[PDB]
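Please read the structure below before turning to the comments.
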Amino acid sequence: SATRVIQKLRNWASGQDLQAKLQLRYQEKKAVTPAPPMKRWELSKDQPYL
Amino acid sequence: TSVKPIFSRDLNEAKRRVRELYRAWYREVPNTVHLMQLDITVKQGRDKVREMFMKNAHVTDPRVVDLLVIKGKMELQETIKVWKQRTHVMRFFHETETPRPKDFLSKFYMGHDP
Amino acid sequence: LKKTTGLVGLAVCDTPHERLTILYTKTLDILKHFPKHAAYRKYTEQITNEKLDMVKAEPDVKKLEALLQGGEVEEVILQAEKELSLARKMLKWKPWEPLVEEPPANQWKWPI
Amino acid sequence: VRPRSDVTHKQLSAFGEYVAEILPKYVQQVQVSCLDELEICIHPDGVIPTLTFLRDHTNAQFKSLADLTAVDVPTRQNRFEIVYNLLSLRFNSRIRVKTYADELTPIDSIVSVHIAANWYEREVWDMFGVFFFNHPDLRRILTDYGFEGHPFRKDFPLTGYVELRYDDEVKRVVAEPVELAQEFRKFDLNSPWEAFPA
Amino acid sequence: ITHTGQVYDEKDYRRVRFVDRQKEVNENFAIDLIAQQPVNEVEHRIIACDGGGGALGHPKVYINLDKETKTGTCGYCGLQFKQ
Amino acid sequence: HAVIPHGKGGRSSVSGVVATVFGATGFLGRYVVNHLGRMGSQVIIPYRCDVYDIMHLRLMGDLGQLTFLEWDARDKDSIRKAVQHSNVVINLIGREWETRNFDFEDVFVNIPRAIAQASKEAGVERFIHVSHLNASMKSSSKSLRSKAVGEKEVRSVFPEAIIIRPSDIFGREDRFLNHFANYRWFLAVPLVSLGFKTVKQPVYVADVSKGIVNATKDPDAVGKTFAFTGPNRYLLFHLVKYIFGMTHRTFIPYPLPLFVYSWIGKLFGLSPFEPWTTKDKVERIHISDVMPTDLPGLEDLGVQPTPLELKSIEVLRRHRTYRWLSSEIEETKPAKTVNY
Amino acid sequence: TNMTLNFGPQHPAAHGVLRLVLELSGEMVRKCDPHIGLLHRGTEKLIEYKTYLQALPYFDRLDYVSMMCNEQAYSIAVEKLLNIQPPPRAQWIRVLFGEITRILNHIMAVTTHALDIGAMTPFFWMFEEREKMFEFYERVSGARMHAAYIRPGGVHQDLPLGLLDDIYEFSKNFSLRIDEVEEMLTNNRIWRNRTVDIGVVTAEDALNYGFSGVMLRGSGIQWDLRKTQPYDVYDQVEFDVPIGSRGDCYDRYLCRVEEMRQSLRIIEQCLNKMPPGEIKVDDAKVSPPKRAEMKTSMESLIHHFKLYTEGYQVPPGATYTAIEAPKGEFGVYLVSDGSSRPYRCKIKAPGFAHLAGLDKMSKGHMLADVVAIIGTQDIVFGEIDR
Amino acid sequence: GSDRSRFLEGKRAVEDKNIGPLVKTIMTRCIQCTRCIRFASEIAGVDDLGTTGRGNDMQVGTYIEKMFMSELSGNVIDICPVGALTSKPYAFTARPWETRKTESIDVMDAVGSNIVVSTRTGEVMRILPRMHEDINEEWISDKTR
Amino acid sequence: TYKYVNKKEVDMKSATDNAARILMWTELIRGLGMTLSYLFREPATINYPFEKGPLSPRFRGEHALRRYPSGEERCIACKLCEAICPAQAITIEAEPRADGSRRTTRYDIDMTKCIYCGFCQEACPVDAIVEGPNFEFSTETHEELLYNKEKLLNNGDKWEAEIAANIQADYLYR
Amino acid sequence: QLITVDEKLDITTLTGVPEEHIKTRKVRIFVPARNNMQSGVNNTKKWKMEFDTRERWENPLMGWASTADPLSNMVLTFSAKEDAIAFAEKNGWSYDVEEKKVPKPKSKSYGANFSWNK
Ligand SMILES: NC(=O)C1=CN([C@@H]2O[C@H](COP(=O)(O)OP(=O)(O)OC[C@H]3O[C@@H](n4cnc5c(N)ncnc54)[C@H](OP(=O)(O)O)[C@@H]3O)[C@@H](O)[C@H]2O)C=CC1
Ligand code: SF4
Ligand code: SF4
Ligand SMILES: [Zn+2]
């Protein structure tokens, strides 16, 4: 509930759409290790780096 | 019997350490009474030191004496380093608490369980 | 070759195979003084011998990293000299000797 | 029923023997509990040696000290049971090494082996009174500056012996022997009937 | 005054408290409220007493209204039941 | 009517003394409530000061030990309900400056009478009335004389009513010691007869308080007119200098006729806000302490007096400077004692 | 004394109560000796005198920014000792509220970090989101914080009929709120300076001083107890640990913003895949009987009476169970005799180890640097003091 | 026993009677364990309490209402494991977990029977027997409890 | 699965781009835009006295003792509310009322001792002690916070209508 | 090398107890008996030593019991009589041990009471 102009000032100043995500909620023997050595973690496929 | 030593092998050596701590405290009492602006007399405080150092005069075992100074030394550090604000130091003097009589008749007159 | 290891403080060690071969051969040497049937000597000698056998066998560090695990090769170097330090320490400690003393009776009985 | 994985119970048991053989000298009892954990029990003298082997052994790297604690079994001659819980980031596992220390028989300090222990060892001295030789700076951490007595000892009263209030006459906070206005009601809870051990 | 008639007395050293501040006591004392409750007549020898509302009542108990001589009283509601 | 004393002796314990204390907010008062509260006694503190000021007294009393009642001296009904349920009444009502709506008679004789009068109607076991030391019905200061007038009257309203008669009191927040120390603002410190021939014997506040409290719990004191005095007398000269000594501020004792000086007191007295000096105060200051020949107070009532020098350091510390704030009494020189 | 200067207990900069007796040559810190125990309260001794269920509320208070995640650690521990495990729905719940709680902690840690640095608008932006989350707690437990919802045998009561939907609307948007903070701090020409290259901790040193948290992860060591040793159903979800390089205040921060992001990925799943079922073990022996049952069945009343009055009666044993609380590894070593009340319960606090590191982190640093480093350790004095 | 119940059927109820001024018999509680009928015959020679009837309405109460008047009477309370008949003076003054239990000696009679005085918040709430093989072997007099 | 949060040519275009970022404070201006944006958003605050932050039925709030519709207080002094209270807050002593029924002579919840866990709400078999909705009971004096049976029963009578509605909404869940 | 001490470990000086509660407190080492109410014997197994009971005066404001004795609620549990005696000696508390009294064996047989003779 804010005039689109004022709302725009918001979106422009912000750079993304706040309208979509508003602040107003509405209605011999083997040496034995303790356990098998951990496999090194895989690079995340969806974003390996930020 | 048959007990492993902590810091000294015998009461004799242990007593050496007590002497050192006494000196330490003795030399420190005046400073504290000034850096904490305590309302006590250096002489008075120095007697307190004596009190404590003798409250545990009865200990005969070397191991117990050694821990006692370890603990004593730790207390010194704190006091010397202002870590212990007056409230902490004056507590030693038991200034606010009302002294309790140890006379039997006295206790009888006041407490159910003496 | 790599730019840097994931771990912040660790720094890339060039000639890693040579650095490992130096450390691994040293440990084997120190272990040579341990009592003959000493448990630490037999166990660690077995682990160290397998490690350098692999280090000598593999000329590619990336596959070397896979063969003896260790994550980055630099870590394996740190683990080996850490072990070299303890091997020297245990010789002084003499852990192979019989138990210092039995625990007091009922010392380890938890239900109480 | 918890999802026990026998795969673990065995591997950790096997390590427990491994350590027991590697250090016959200090290990008194090694046991794998049902939760599936492992606890190597060592003579107090083996504090330095057993830890160091675990911190720096290729087949058992136990780099971080999760915790250092001291249960107090008053019945036990050696009152305290210093317990050190350690974690292996590499081989992924945890082992607990527990020793026994009496009130005036100090334990060695492991600040050398793990500097994490610098604080926990001060915590054990303050609460239980065990002393740690070769500690860089052992001094009360949690208790008040002038506190007398070691609090977590089973023989120390919960409420304690001293409490603080502000006194106008002396215009300063002042200890007094504890006087409680509703004593801790000590409900007896143990039932006189046991449970037939499974 | 109150339920169990608490009467800090004219000579007590505690009645001092209410000076300039009233005491907490209860109207519609319960002691008389169930006595004001009619006797629940029943046909059966034994009857239940959920307290009224099941889960929102008392653990259900069965009362033996077997003797007209006595109207069973559920130990929880104090409700007398007239056989 | 009584309360068996149970407990170990500290807070959260019971002693069985329910006591109205009308002027508790005072310097002496503060101390009276302290011990009474420490002992565990039930204390009813009548107050006409705002609630914010009465807050300091709340903490020394245990939960439910202290009850505060709204009370007006002119309104007889307020005194009536305060003593309704008390068995001990202690009267510390006093002032130095005759206020617009309360005269020395009122604060000392008129009011303290009505109070004990009601207390009797109530049936309080004992009443303790406090009047200044050396209080002749003919003494120069209207204050002292009026106080004397009271100690007589209250007898007739309340027979066998203890009458402790304290000297000027020594304590932190006291006037006797702070007043002189505060003469610093004044470049010169006037002293009638150059501070001579007015030997004075101070008494620590606590000693007075403990004494008063002990009275409440002792049958020996009935109709007794105790005199808490002190552990050592002093010519006003040493006192003044000593003070300035601990305060570490220069001293210039200047002779000024009491005649002219009574006028200076009049000047401050003129001031609307709590005149700092009072024509009467001036006179009282010079009124020489009387020697002791009356019912012994301290010691007699159970507390050994405490020398002034011992605690002076605490009372006069606030008046020191940045560095002087770190000096202690034993490196300092204690002044001589003149019994005269 | 090199002008020893107590950081002081009352200081907005010092979270809660921290006397840092510091000797500073002018504006350079030579040595930091943190003092602790200003909030020791006895939590470990008090528990010995209380039954297992009446000691659950103590855990929420141990580190109350992370109210529930702490409760899960005791839960797990008591469940292990009893060899009982919670029902499937309860597990997902605990992971649902486990993560919501991680966000709550990170919003606390990142925004409170900035307030000490001097940026004040991020705190107000995200405390509104926090507020909205609290409301989840309240509508599930009854309390905004200090819920007592996660009990030793599952959660206490099923989610209200409708919560999941709202834990969605919020999650659907929270991202933008993290994004905003970013446009304000991640690249601020000034945040970086006060944070970058401050308190760098090596990888070997971090393991040695027992850091075990983001503090390790920030130095590049890959360890998330949630992936290495899965607890509850954190195994069935899929998330990416945010490892860091050039570990320093700025890098770790970025890691905490990234776990806020990854937790939204875990929350989404939990909402998408939470099973129909019961929320507490069916063993009246360990879990209290339903109130309809205790009011109609004798065995249920007896089990209700004994459970509330006496207790679980855990079998004798001892366990150290550690989870990945938002701060780091939170573990309870719970020694237990056969009695209904515990014998010992040392709480390992991610924080006792981190503070100790303050000395080895803030060396040759200015007064302002010390303020930044206390922030990058998320020190909640409740867990440290216990 | 069992975690849950399967008795979806109805329960029974018996009729509370008067066994005297010391024992409150809310006997709908009775598990027909016949320890009372034994004690009342074997330890004490009262031989009054008895079983009456058969089936699920066997009620162990005096057929005619004659009070159980005898010394040794209060022991029935201690010996009935169910709380069917319990003590009428100590009806609802306390609950056992709270009671702090101090072991002391009977002074009412010269047998010096051992007894445990159960005190709550500082006033005695009950005195119940504690076993002494030689003097009072688990029983105490009606007077001293 | 892991991820690198911060793991990382020089061209005029690039450099000129970077130099402009340092020289004209481009990113700093970016931050100002964000705050200007919210300045235009609706504030989330509520008039506290006039509008109240929402609390759902399980909110624990302030203790109250309920009564049966007939008028008989629900508590039957089983005293396990005392047993399970974590803080030792509830003190109960009882005696048989003349009616012969079982009632509590004294029921004292020390609210300053109470930590509002809500277990008492849980434990009661007759559900006599409930966590009432009211959270606004701040008191000038410490003694007022200590509550005897008469205050709690009075608290129960005042809020019974809402307490009944709240228990009505949440009992199926329990 | 170990040193010799014949001094009974007394550590009263390290425990940190106020002087009054070490010289005026008598503790009794006893095996708890069984509430006659229940027939279970699992609470009559371990020895316990309990400090002497002290003042419990009524509180004036609320009537709650109030105690000035810190060592009142403390009851330590010791598995054997010897170990409990040791705790009293080194802590310096006075002790008065009570021997365990266990039920004597009693001969029972269902057939015996069926004897009309007796
Ligand atoms: N050194 C000394 O002060 C000495 C004092 N005395 C006597 O001992 C008593 C206590 O001394 P001290 O405490 O210093 O005196 P204060 O000047 O402190 O006054 C004592 C109390 O009386 C109350 N009071 C004063 N006037 C009135 C009034 N018109 N109506 C109701 N209450 C009033 C004051 O309360 P409020 O301010 O709130 O109105 C104050 O709390 C005095 O009466 C004094 O005569 C005797 C010898 C020495
Ligand atoms: S003893 Fe108790 S239970 Fe067994 S029968 Fe007699 S009364 Fe019924
Ligand atoms: S539980 Fe409910 S009923 Fe039983 S006592 Fe506590 S309140 Fe009264
Ligand atoms: Zn009913």
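Residue numbering in chain G adheres to Swiss-Prot, whereby the residues present occupy positions 78-463 in order.
So this one's electron microscopy, 3.2 Å, going by the header.
Note that Cβ sites are derived from N, Cα and C of the backbone, with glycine treated the same way.
Feature annotations, reproduced from Swiss-Prot:
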- G:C326, G:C332, G:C347: [4Fe-4S] cluster binding site (BINDING)
- G:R118: symmetric dimethylarginine (MOD_RES)
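Here the features listed in Swiss-Prot are placed on the structure.
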residue: G:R118; record: symmetric dimethylarginine; Cβ neighbours (10 Å): 15
residue: G:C326; record: [4Fe-4S] cluster binding site; Cβ neighbours (10 Å): 25
residue: G:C332; record: [4Fe-4S] cluster binding site; Cβ neighbours (10 Å): 25
residue: G:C347; record: [4Fe-4S] cluster binding site; Cβ neighbours (10 Å): 25
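Cα of G:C332 ([4Fe-4S] cluster binding site) to Cα of the residue listed as 'symmetric dimethylarginine': a distance of 32 Å. Under DSSP, G:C347 ([4Fe-4S] cluster binding site) is assigned to a helix (H, G or I) in the three-state scheme. Using a Cβ-Cβ cut-off of under 8 Å to chain I, none of the recorded positions G:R118, G:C326, G:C347 qualifies. The residue listed as 'symmetric dimethylarginine' sits 31 Å from G:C326 ([4Fe-4S] cluster binding site), taking the Cα positions as reference. When secondary structure is read from DSSP and collapsed to three states, G:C332 ([4Fe-4S] cluster binding site) falls in the helix class.
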